[PDB]
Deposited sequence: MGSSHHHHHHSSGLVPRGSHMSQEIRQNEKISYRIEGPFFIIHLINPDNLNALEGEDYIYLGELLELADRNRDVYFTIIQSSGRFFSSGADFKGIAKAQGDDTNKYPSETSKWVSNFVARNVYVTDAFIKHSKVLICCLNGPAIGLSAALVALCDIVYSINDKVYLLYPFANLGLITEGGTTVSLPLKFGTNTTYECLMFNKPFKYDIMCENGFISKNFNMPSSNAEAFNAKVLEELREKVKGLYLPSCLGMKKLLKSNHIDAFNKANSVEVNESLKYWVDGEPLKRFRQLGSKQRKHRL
């Protein structure tokens, strides 16, 4: 049981809890409350004993263009700038990043197009990623926005792409392109479908997943994930706290607001 959100839906099909970003006209840009909603859906999936896999799917040509700048401008009532940003940015980010970090079900991202910023951080926290075609990329534009690492990217990017690649991309605001994703095994399967039909891609992933789970003992999947998660859980939780608190001086100084308004 949870409120409805017009930008994000979910459903359950057998052992699969499927979350769908459904706002393609705005490239599935997300506001603060939408990130919170996403975290609440993960927590709902996590409490359902019939769910073994949580699948995140999107719509249109982008997975998500990241945080909604119009919503950010609306957040610019509180005794100080610090208090405002603690409520609007710190809170949201620590909550949703935490929901991904601790999630006990196998978390699969269907990457139907590019992801940017905090949405791309969340993709990097998923356990398995499938791409629609070779035009997908991840962009973390923090240096261009006057921000720093978010959503656990301090840990996930070096871990999944290597340290030297991560510095080149983050320091100079360059994308992690399809080729770098394939070379680091970030994408487990490219479906090579046209960008004009995310829907067909999403259905095809689900169809393959129904085939792949046949005969598996699903509690083994969760048992294995529980052990695998313990390799970096501490580093992720440490990073979440420091990222969110260290970002405050950037917001309070004002640079991101200037730049979020080109």
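- Missing CA stretches, deposited numbering from 1, N-terminus first: Absent from the structure are positions 1-23, 100-104, 291-300.
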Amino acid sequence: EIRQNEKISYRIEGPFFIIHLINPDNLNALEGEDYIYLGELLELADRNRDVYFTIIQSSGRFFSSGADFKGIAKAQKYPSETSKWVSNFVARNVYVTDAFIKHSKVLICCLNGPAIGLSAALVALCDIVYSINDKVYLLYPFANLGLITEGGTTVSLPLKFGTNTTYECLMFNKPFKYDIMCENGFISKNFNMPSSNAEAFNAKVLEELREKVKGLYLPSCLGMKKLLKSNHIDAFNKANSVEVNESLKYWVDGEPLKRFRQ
From here on, numbers count along this sequence of modelled residues.
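Rigid core here is just the name for the largest C-alpha set that superposes within 1.5 Å across the two forms.
- Task: Output the stretch, either 180-188 or 89-97, that has more C-alpha displacement from this form in 5 other deposited structures of this protein following superposition by the rigid core.
- Result: Per-stretch check in 5 other deposited structures of this protein: the more divergent one is 89-97.
- Item | Core-fitted comparison in 5 other deposited structures of this protein, 243-251 vs 6-14, farther C-alphas | The more displaced stretch in 5 other deposited structures of this protein turns out to be 243-251.
- Any chance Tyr78 is unbuilt in a third or more of the other entries we compared? That residue is missing from at least a third of the other compared entries.
- Item | Mean Cα B-factor comparison, 27-35 or 66-74, giving the higher one as deposited | Per the PDB entry, the higher value belongs to 66-74.
- Message: Quick check: 232-240 versus 195-203, which has the larger average CA B-factor in the record?
- Response: Taking the mean B-factor of the alpha carbons in each, 195-203 is higher.
- Item | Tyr95, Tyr130, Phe89, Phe161, ranked by C-alpha B-factor: the highest one | Among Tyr95, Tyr130, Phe89, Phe161, the highest C-alpha B-factor in the entry belongs to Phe89.
- For the listed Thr153, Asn144, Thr166, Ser104, which has the peak Cα B-factor recorded in the PDB entry? That would be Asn144.
- Chain-relative CA temperature factor third for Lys212: For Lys212, whose C-alpha B-factor we compare with every modelled residue in the chain, the answer is the middle third.
- Item | Chain-relative CA temperature factor third for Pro79 | CA B-factor rank for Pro79: highest third.
- Where does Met181 sit by CA temperature factor within its chain: lowest, middle or highest third? As the PDB entry reports it, the C-alpha B-factor of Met181 lands in the middle third of its chain.
- Item | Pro175 - Cα temperature factor, lowest/middle/highest third of chain | It falls in the top third of the chain.
- By its CA B factor, does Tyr137 count among the lowest, middle or highest third of the modelled residues in the chain? For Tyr137, whose C-alpha B-factor we compare with every modelled residue in the chain, the answer is the middle third.
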